[PDB]
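Below you'll find the structure, written out as structure tokens, and then a few comments.
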Amino acid sequence: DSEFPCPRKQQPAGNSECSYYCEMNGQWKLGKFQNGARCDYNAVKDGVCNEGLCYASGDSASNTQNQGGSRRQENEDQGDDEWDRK
């Protein structure tokens, strides 16, 4: 128990995510399905989802930014063509 207040919710057929919709405290709140439903990660990894988004289990990995850069100008025209003024 942390947040997401609503009773165990009801998922339809052809599901792959876990979140729900219900009205608690006069605001639309997200609810929770049976802890660990199948995700888009069912026929590629093991699917265990709950608490608003899609989740994966069995394999985990993380990526970092080893490439990057900065740009001073995004256009070489140095103006806007929407106004069409110089």
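In the structure tokens, chains take the letters A, B, ... in the order shown, each chain's residues start at 1, and ligands count up from 1 in the order shown.
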
Just the residues within 7 Å of residue 36 in chain A, please, counting only C-alpha atoms, with nothing from its chain fewer than 4 positions along; format it as a PyMOL selection string.
chain A and resi 48-50

Neighbouring residues of residue 60 in chain A were defined as those with any atom within 12 Å, considering only C-alpha atoms; residues of the same chain fewer than 3 positions away were excluded. Please report them as a list in words.
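Answer for this query is residues 41, 45, 46, 55, 56, 57 and 63 of chain A.
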
Among chain A, which ones does DSSP place in strand (DSSP E or B), written as an NGL selection string?
:A and (22-24 or 27-29 or 37 or 46 or 49 or 57)

Can I get the selection written as a short mmCIF file (atom, residue, chain, number, x, y, z; two decimals), in the first residue's frame, with N, CA, C and O atoms?
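Dumped to out.cif:
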```cif
data_model
loop_
_atom_site.label_atom_id
_atom_site.label_comp_id
_atom_site.auth_asym_id
_atom_site.auth_seq_id
_atom_site.Cartn_x
_atom_site.Cartn_y
_atom_site.Cartn_z
N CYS A 22 -11.21 4.70 -12.76
CA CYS A 22 -12.26 4.66 -11.78
C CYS A 22 -12.28 6.05 -11.24
O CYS A 22 -11.34 6.79 -11.48
N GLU A 23 -13.35 6.45 -10.53
CA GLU A 23 -13.43 7.79 -9.97
C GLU A 23 -13.33 7.69 -8.45
O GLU A 23 -14.29 7.26 -7.81
N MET A 24 -12.13 8.07 -7.84
CA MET A 24 -11.99 8.04 -6.38
C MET A 24 -11.57 9.44 -5.96
O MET A 24 -10.64 10.02 -6.53
N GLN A 27 -11.87 12.60 -8.55
CA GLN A 27 -10.86 12.69 -9.59
C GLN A 27 -10.75 11.34 -10.14
O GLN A 27 -11.02 10.35 -9.47
N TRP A 28 -10.34 11.29 -11.42
CA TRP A 28 -10.18 10.07 -12.15
C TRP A 28 -8.90 9.47 -11.63
O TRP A 28 -7.85 10.13 -11.68
N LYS A 29 -8.96 8.22 -11.12
CA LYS A 29 -7.81 7.60 -10.56
C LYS A 29 -7.58 6.33 -11.26
O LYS A 29 -8.47 5.76 -11.88
N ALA A 37 -0.51 -8.92 -14.02
CA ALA A 37 -1.15 -9.45 -15.23
C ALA A 37 -0.18 -9.51 -16.40
O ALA A 37 0.93 -9.03 -16.31
N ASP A 46 8.72 -12.56 -19.90
CA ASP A 46 7.63 -13.03 -19.02
C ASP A 46 6.84 -11.77 -18.70
O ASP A 46 7.44 -10.73 -18.43
N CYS A 49 2.41 -7.40 -14.82
CA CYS A 49 2.16 -5.97 -14.77
C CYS A 49 1.22 -5.56 -13.66
O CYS A 49 0.31 -6.29 -13.33
N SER A 57 9.45 -8.95 -16.93
CA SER A 57 10.08 -9.73 -15.87
C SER A 57 10.82 -10.86 -16.57
O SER A 57 10.47 -11.24 -17.68
#
```

Report, in Å to a single decimal, how far apart CA of residue 35 in chain A and CA of residue 18 in chain A are.
8.9 Å

Computed gap from CA of residue 7 in chain A to CA of residue 47 in chain A is 22.0 Å
